[PDB]
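J.: The following block contains the structure, expressed as structure tokens.
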Amino acid sequence: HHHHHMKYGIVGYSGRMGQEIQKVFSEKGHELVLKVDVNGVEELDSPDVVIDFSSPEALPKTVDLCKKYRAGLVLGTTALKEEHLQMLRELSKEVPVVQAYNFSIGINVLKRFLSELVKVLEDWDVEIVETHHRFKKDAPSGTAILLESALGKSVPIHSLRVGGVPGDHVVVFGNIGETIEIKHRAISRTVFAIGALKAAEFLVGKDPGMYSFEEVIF
Amino acid sequence: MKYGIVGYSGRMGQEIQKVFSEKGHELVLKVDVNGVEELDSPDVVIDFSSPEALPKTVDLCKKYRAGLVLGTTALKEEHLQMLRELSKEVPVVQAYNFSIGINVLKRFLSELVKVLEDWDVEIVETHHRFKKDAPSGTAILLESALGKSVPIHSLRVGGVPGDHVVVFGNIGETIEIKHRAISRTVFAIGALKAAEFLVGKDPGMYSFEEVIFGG
Amino acid sequence: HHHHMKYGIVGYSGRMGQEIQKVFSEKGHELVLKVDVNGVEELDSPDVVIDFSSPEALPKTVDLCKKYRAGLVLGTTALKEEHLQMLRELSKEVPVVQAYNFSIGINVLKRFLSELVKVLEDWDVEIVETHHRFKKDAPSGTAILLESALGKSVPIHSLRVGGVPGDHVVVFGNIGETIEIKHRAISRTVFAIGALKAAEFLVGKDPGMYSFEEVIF
Amino acid sequence: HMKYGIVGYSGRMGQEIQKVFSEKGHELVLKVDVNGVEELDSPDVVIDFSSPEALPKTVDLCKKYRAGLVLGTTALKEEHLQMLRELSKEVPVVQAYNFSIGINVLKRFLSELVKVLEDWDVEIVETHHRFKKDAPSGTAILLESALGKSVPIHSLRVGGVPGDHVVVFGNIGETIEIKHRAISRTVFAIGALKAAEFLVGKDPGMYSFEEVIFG
Ligand SMILES: NC(=O)c1ccc[n+]([C@@H]2O[C@H](COP(=O)([O-])OP(=O)(O)OC[C@H]3O[C@@H](n4cnc5c(N)ncnc54)[C@H](O)[C@@H]3O)[C@@H](O)[C@H]2O)c1
Ligand SMILES: NC(=O)c1ccc[n+]([C@@H]2O[C@H](COP(=O)([O-])OP(=O)(O)OC[C@H]3O[C@@H](n4cnc5c(N)ncnc54)[C@H](O)[C@@H]3O)[C@@H](O)[C@H]2O)c1
Ligand SMILES: NC(=O)c1ccc[n+]([C@@H]2O[C@H](COP(=O)([O-])OP(=O)(O)OC[C@H]3O[C@@H](n4cnc5c(N)ncnc54)[C@H](O)[C@@H]3O)[C@@H](O)[C@H]2O)c1
Ligand SMILES: NC(=O)c1ccc[n+]([C@@H]2O[C@H](COP(=O)([O-])OP(=O)(O)OC[C@H]3O[C@@H](n4cnc5c(N)ncnc54)[C@H](O)[C@@H]3O)[C@@H](O)[C@H]2O)c1
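Chains as they are written, first to last, in our numbering: chain A, 4 to 221; chain B, 11 to 225; chain C, 6 to 222; chain D, 18 to 232.
Now the structure itself:
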């Protein structure tokens with residue numbers, strides 16, 4: 004289940020997520036050998052795995068680095084487009100890849116449940132309310148989009164950008180007599196960095212291809 | 011559909027008329043403590059009255075081969091027996107709670123707790139200031155769905171019809187599942203869904219869960 | 006307190022209109038005027054008119070109030086500058102109470118939020134409001150009212166779900182903490198009761214615009 | 018720039034305090050926890066988030082070094098308050114059961130709001146991480162005191178929740194909830210730093226954290 008002294012890279016090493024990843028990975032004795040952010044690339048040694056929480060525009064560099072080092076990829080960057088998914092599919096023919104818009108247990112558990120619930124609550128009104136810290140660049144959140152896809156239809160998404168909220172999502176179902184709310188809260192960013200570590204450890208030694216974070220966890 | 015109401019004059023009965031008429035259904039049979047009024051043949055009968063009314067209800071359903079949605083509480087063994095005999099001839103849905111949401115959630119929570127078995131779980135329930143019993147029966151039903159004893163916290167404030175919250179937590183995350191009863195209309199809506207389900211069905215007893223889930 | 010008022014309802018057939026009839030009749034007041042999208046029914050002269058309908062109805066409301074010199078309790082939301090002007094003109098002749106929210110809690114909170122925003126001036130603030138699926142206006146009047154108590158425009162998020170009578174949440178956030186101030190109308194009856202208080206207040210008053218805060222505080 | 022001590026240096030709050038204080042360039046010269054005392058130099062101020070049983074040592078150290086005290090430990094008893102008063106004749110002290118801006122702003126607002134909503138029912142729901150030893154929380158007690166009367170407190174002990182408090186007011190027709198959430202424990206350490214900087218150079222006595230914030 005675990006790997007000893009992995010060498011790893013981070014794309015987005017300087018950002019919020021990047022620094023959480025360094026803290027979590029270093030505590031488990033893993034070694035940072037590759038740093039990429041908007042200001043450059045720093046290659047110190049060959050990574051076994053690369054972790055990317057940055058921006059979609061960075062993904063070409065990320066993929067090239069993974070190909071260069073035959074390093075697996077844990078990708079958390081949100082707001083990916085079709086072009087980005089194609090690049091990942093190409094990469095996955097060479098290395099193991101885990102791409103997820105949310106590295107928590109609870110969102111991935113709920114996303115499955117919501118796919119079943121929506122079928123029984125098909126005639127109820129449904130909206131999503133998501134809340135994140137003030138400087139989050141993307142709205143709606145990737146996670147809101149992920150939950151909307153689990154619902155199997157387009158729903159109103161409301162995005163709050165407030166304080167230092169790590170990430171809350173609420174799915175609201177309503178009928179004339181009652182309401183149901185399904186709420187998830189990430190207590191800190193560390194929970195995503197721990198998910199990323201689980202995914203990294205899963206990937207090491209795997210054959211090439213795309214793996215779901217659900218497979219990582221279930 | 012053509013439908014009847016036993017208890018048409020009561021709180022629930024007036025709520026049923028509103029909800030059914032809004033969907034374009036036709037009231038053709040009215041029963042209360044003061045009498046029976048047969049206007050046309052009902053496809054389904056809806057009963058929220060009193061256990062003493064059930065004999066007449068059963069008789070009417072047999073007469074018109076009409077299905078029955080039964081919400082009357084405090085039924086005795088004798089009432090259950092009448093109901094079983096009726097269900098040999100017509101389709102029947104009996105439930106002591108037609109909140110659709112609570113029923114849906116109770117199943118959902120039985121599955122969710124297995125996945126989140128190492129998460130801490132508590133219940134917070136809120137009712138109006140006069141509610142005599144704590145914890146509420148719904149909180150006890152939800153605890154039973156969770157398959158284990160959990161802390162239940164009971165707030166008694168103002169005129170709240172009924173809220174229930176199941177809180178799951180681990181070190182890095184929290185999940186809350188909440189249900190809010192806006193009002194008595196929630197049960198009339200449940201009864202509408204059961205009525206529409208029952209139309210055209212083969213005789214027998216159907217659980218409200220299978221109304222909501224297609225078994 | 007005024008015994009056996011004669012009153013009219015604009016919007017008598019709507020959700021609020023029916024709640025008004027129930028609340029007013031229970032206090033022994035008499036409905037003498039009914040106005041809806043389908044017509045006008047004048048049975049007797051009203052002392053007061055209660056309007057929870059649509060801004061398009063306001064011209065007829067005003068005309069009726071002028072005709073019978075009847076005061077006006079107005080709850081209709083999404084009023085425009087033209088509607089406010091017709092109201093001002095009306096209030097030269099009769100007493101008027103216009104409010105986007107007739108509950109105790111919201112009116113208590115609005116004062117509390119004016120003070121709280123001053124102390125939490127550097128915190129981010131947004132509003133989340135929730136109403137039933139058929140509500141025609143977004144954002145709600147009450148959200149606008151709350152913004153105005155905060156002394157600034159803020160993001161308002163409007164959910165239109167099921168049968169929710171009316172929820173409003175003001176969210177304040179800092180880097181290390183959040184505060185939410187939430188109000189829930191358990192039923193629509195709370196607004197009809199507010200309207201009744203406002204109607205009783207208005208009877209015998211001199212012409213002008215009166216705030217519902219004045220009605221209650 | 019300050020020399021400071023921490024009672025509870027090894028705990029959750031203790032490690033947060035070290036991070037926040039060292040980032041502002043303050044120097045840790047005294048470490049106390051359940052396994053011992055480590056005196057490196059004389060502190061100007063001591064910060065104590067530990068256990069009520071540690072308070073005697075905390076007091077003795079502050080007297081020894083004539084150091085101010087910032088005390089966050091909860092579940093203090095009359096005896097602990099007495100020792101603290103005695104200490105405060107010699108040094109400046111800030112004791113608080115919550116070091117967040119939001120709670121100390123709300124407590125004042127709840128004192129006024131409860132007067133206006135005197136006939137509304139009121140309860141408190143508080144939620145903290147699974148390991149919290151004391152229930153109800155000191156903050157819940159503080160809020161109850163701002164409300165000027167005894168109120169039902171419901172305590173959830175779930176996962177890793179830093180600290181949530183909800184004051185629920187209810188009437189027949191409406192409800193009001195006033196909720197505070199501590200996003201991380203850092204917020205309390207930052208409060209403790211504000212308190213420690215306030216205390217420097219102050220006359221002896223007890224100062225409220227509200228005075229530290231000025232309102
Ligand atoms: N999947 C998950 O569980 C999850 C969780 C949290 C955040 N995220 C996502 O992670 C991403 C980063 O979030 P954050 O809060 O750390 O943002 P951030 O702004 O703090 O960090 C961005 C990092 O990316 C770098 N960067 C930005 N654009 C770049 C470019 N075009 N080329 C190279 N480097 C670039 C920055 O220099 C910085 O190091 C976002 O897309 C966010 O939504 C995903
Ligand atoms: N299952 C649910 O979802 C649900 C929810 C709420 C209430 N209930 C139940 O519904 C029933 C009705 O509740 P309610 O609040 O409408 O009460 P109610 O007192 O307002 O109405 C009672 C109705 O029953 C009629 N009735 C009583 N005895 C009768 C008799 N023997 N013969 C014919 N009619 C008779 C009355 O005439 C009246 O119309 C109760 O048993 C209650 O427990 C069920
Ligand atoms: N101020 C408050 O405390 C408060 C509280 C609740 C609702 N409201 C407001 O009350 C108003 C109506 O709410 P509702 O839920 O009752 O609406 P509704 O749709 O249920 O009823 C609308 C009523 O207005 C009538 N109407 C519509 N257009 C008309 C016209 N051109 N001329 C005459 N009558 C017309 C309809 O026939 C109906 O009787 C809205 O503006 C709503 O936002 C205010
Ligand atoms: N006032 C506030 O703003 C606030 C905020 C958070 C926590 N707290 C309180 O702070 C205290 C500590 O919380 P925590 O979560 O960091 O607890 P913790 O369990 O992580 O740490 C307790 C610390 O105190 C030490 N300790 C215990 N008994 C001792 C003794 N007899 N002598 C010397 N040291 C002893 C431990 O070694 C440890 O260093 C609690 O009382 C908690 O309620 C207060």
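Don't be surprised by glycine CBs; every beta carbon is placed ideally from N, CA and C.
Indicate the three-state DSSP secondary structure (helix, strand or coil) for C:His88 in the structure shown.
T.: Position 83 of the third sequence holds residue 88 of chain C. Looking at C:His88 - three-state DSSP - the assignment turns out to be helix.
J.: Output the distance between the C-alpha atoms of D:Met30 and A:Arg192, rounded to the nearest integer angstrom.
T.: Looking up residue 30 of chain D in the fourth sequence gives position 13. Looking up residue 192 of chain A in the first sequence gives position 189. One C-alpha to the other measures close to 19 Å.
J.: Within this structure, are the beta carbons of B:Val196 and A:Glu181 separated by less than 7 Å?
T.: Locating residue 196 of chain B in the second sequence gives position 186, where the first residue counts as 1. Locating residue 181 of chain A in the first sequence gives position 178, where the first residue counts as 1. Taking 7 Å as the Cβ cut-off, B:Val196 and A:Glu181 qualify as a contacting pair.
J.: Count the other CB atoms, across all protein chains shown, that sit within 10 Å of the CB of D:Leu98; report buried if there are 16 or more and exposed otherwise.
T.: Taking the first residue of the fourth sequence as position 1, residue 98 of chain D is located at position 81. Exposed, because fewer than 16 other Cβ atoms sit within 10 Å of the Cβ of D:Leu98.
J.: Does chain C have any CB closer than 7 Å to the CB of A:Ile179?
T.: Counting from 1 along the first sequence, the entry for residue 179 of chain A is found at position 176. A:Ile179 counts as touching chain C.
J.: What are the complete beta strand (DSSP E) segments, minimum 3 residues, inside the segment 70-139 of chain C?
T.: Counting only unbroken stretches of 3 or more residues, the beta strand (DSSP E) elements lying wholly within the segment 70-139 of chain C are 76-79, 100-103, 129-136, in sequence order.
J.: In this structure, does DSSP put C:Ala200 in helix, strand or coil?
T.: Here residue 200 of chain C refers to the residue found at position 195 of the third sequence. For C:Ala200, the three-state secondary structure derived from DSSP is helix.
J.: Below 6 Å, is the gap between the Cβ of C:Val169 and the nearest heavy atom of ligand 3?
T.: Position 164 of the third sequence, counting from 1, holds the residue named residue 169 of chain C. No, the beta carbon of C:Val169 sits no closer than 6 Å to any heavy atom of ligand 3.
J.: If the cut is a Cβ gap below 9 Å, which residues of chain B does C:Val130 touch?
T.: Walking along the third sequence from the start, residue 130 of chain C turns up at place 125. Near C:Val130 there are no residues of chain B at all, since even the closest Cβ is about 23 Å away, more than 9 Å.
J.: Can you pull the chain C residues whose beta carbon is under 8 Å from the beta carbon of D:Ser201, in chain order?
T.: Mapped onto the fourth sequence, residue 201 of chain D falls at position 184. Chain C residues near D:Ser201: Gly181.
J.: In three-state terms, what does DSSP make of A:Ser58?
T.: For the purposes of this step, residue 58 of chain A is identified with residue 55 of the first sequence, where counting begins at 1. Reduced to three states, the DSSP call for A:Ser58 is coil.
J.: Going by DSSP, what residue range makes up the alpha helix (DSSP H) through C:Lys27?
T.: Mapped onto the third sequence, residue 27 of chain C falls at position 22. Unbroken alpha helix (DSSP H) run through C:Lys27: 20-31.
J.: So, does the CB of D:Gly177 fall closer than 7 Å to a CB anywhere in chain C?
T.: Working through the fourth sequence from its first residue, we reach residue 177 of chain D at position 160. Under the 7 Å criterion on CB atoms, D:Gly177 is classed as non-interfacial with respect to chain C.
J.: List the DSSP bridge partners of C:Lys210.
T.: Here residue 210 of chain C corresponds to residue number 205 of the third sequence, with the count starting at 1. None, per the DSSP bridge assignment.
J.: Using a Cβ cut-off of 7 Å (strictly closer), state whether A:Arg137 contacts chain C.
T.: For the purposes of this step, residue 137 of chain A is taken as the residue at position 134 of the first sequence. Answer yes: the Cβ-Cβ gap between A:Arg137 and chain C drops below 7 Å somewhere.
J.: Under 8 Å, with one C-beta from each stretch per pair, do the segment 54-63 of chain A and the segment 116-130 of chain A reach the 3-pair mark?
T.: no
J.: Using a Cβ-Cβ cut-off of less than 9 Å, give me the residues of the segment 143-162 of chain A that come near chain C, in sequence order.
T.: Within the segment 143-162 of chain A, the qualifying residues are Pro159, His161, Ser162.
J.: Please say whether C:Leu95 and C:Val67 have beta carbons closer to each other than 7 Å?
T.: Indexing the third sequence from 1 puts residue 67 of chain C at position 62. Indexing the third sequence from 1 puts residue 95 of chain C at position 90. In this structure, C:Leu95 lies closer than 7 Å to C:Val67 by Cβ.
J.: Compute the minimum distance between the beta carbon of C:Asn106 and the heavy atoms of ligand 3, and state whether it is under 6 Å.
T.: The residue given as residue 106 of chain C occupies position 101 in the third sequence. C:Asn106: yes, Cβ under 6 Å from ligand 3.
J.: Check the DSSP bridge columns for D:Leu173 and list the partner residues they point to.
T.: Within the fourth sequence, residue 173 of chain D is the residue found at index 156, counting from 1. Paired residues: D:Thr144.
J.: Nearest to C:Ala148 by CA position, among C:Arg74, C:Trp128, C:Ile161, is which residue?
T.: What you label residue 148 of chain C is simply residue 143 of the third sequence in a count that begins at 1. Looking at the Cα atoms, C:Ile161 is the closest of the given residues.
J.: Who pairs with C:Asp172 in a beta bridge, going by DSSP?
T.: Residue mapping note: residue 172 of chain C aligns to position 167 of the third sequence, counting from 1. Within the DSSP bridge table, the entry for C:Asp172 names C:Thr135, C:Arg189 as partners.
J.: When every heavy atom of ligand 6 is checked, does at least one fall within less than 6 Å of the C-beta of B:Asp42?
T.: Looking for ligand 6 in the displayed structure turns up nothing; the ligands present are ligand 1, ligand 2, ligand 3 and ligand 4.
J.: Per DSSP, D:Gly22 forms a beta bridge with which residues?
T.: Taking the first residue of the fourth sequence as 1, we reach residue 22 of chain D at position 5. Answer is D:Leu47, D:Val63.
J.: For A:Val36, would you say it is in contact with chain C, using Cβ-to-Cβ distances shorter than 7 Å as the test?
T.: Working through the first sequence from its first residue, we reach residue 36 of chain A at position 33. It does not: the Cβ of A:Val36 has no partner Cβ on chain C nearer than 7 Å.
J.: By a C-beta neighbour count over all protein chains shown, 10 Å radius and 16 as the cutoff for buried, is B:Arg94 buried or exposed?
T.: Your numbering for residue 94 of chain B matches position 84 in the second sequence. Exposed is the call here.
J.: Given 8 Å as the limit, is there contact between the segment 131-149 of chain C and the segment 97-111 of chain C, that is, 3 or more CB pairs closer than that?
T.: These segments touch.
J.: For A:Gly155, does the three-state DSSP call read helix, strand or coil?
T.: Taking the first residue of the first sequence as position 1, residue 155 of chain A is located at position 152. Of the three classes helix, strand and coil, the one that applies to A:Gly155 here is coil, per DSSP.
J.: Could you give the DSSP three-state label for D:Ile193: helix, strand or coil?
T.: To locate residue 193 of chain D, count along the fourth sequence from 1; it is residue 176. It is a strand residue.
J.: When the cut-off is 7 Å and only beta carbons count, does C:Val174 lie next to chain A?
T.: For the purposes of this step, residue 174 of chain C is taken as the residue at position 169 of the third sequence. Not an interface residue.
J.: Can you tell me the Cα-Cα spacing of A:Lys71 and D:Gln32, whole angstroms?
T.: For the purposes of this step, residue 71 of chain A is taken as the residue at position 68 of the first sequence. For the purposes of this step, residue 32 of chain D is taken as the residue at position 15 of the fourth sequence. A:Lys71 and D:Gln32: Cα-Cα distance of roughly 41 Å.
J.: Rounded to the nearest angstrom, how far is the Cβ of B:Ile199 from that of A:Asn178, given a contact under 8 Å?
T.: Residue mapping note: residue 199 of chain B aligns to position 189 of the second sequence, counting from 1. Residue mapping note: residue 178 of chain A aligns to position 175 of the first sequence, counting from 1. 6 Å between Cβ atoms; contact.
J.: Have a look at C:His34, C:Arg189, C:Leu164, C:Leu69 and flag the residue whose alpha-carbon is nearest the alpha-carbon of C:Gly171.
T.: Locating residue 171 of chain C in the third sequence gives position 166, counting from the first residue. Nearest of C:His34, C:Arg189, C:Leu164, C:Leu69 to C:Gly171, Cα basis: C:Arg189.
J.: Under DSSP, the beta strand (DSSP E) around D:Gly53 begins and ends at which residues?
T.: Taking the first residue of the fourth sequence as 1, we reach residue 53 of chain D at position 36. Taken as a continuous stretch (DSSP letters only), the beta strand (DSSP E) holding D:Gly53 covers 53-56.
J.: Should C:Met214 be counted as a contact of ligand 3 given a C-beta to heavy atom distance under 6 Å?
T.: Here the question's residue 214 of chain C lines up with position 209 in the third sequence. Not so, every heavy atom of ligand 3 lies at least 6 Å from the Cβ.
J.: Decide if D:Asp136 is buried, meaning its Cβ has at least 16 other Cβ atoms within 10 Å, or exposed.
T.: The sequence position of residue 136 of chain D within the fourth sequence is 119, counting from 1. Looking at its Cβ environment, which holds fewer than 16 other Cβ atoms inside 10 Å, D:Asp136 is exposed.
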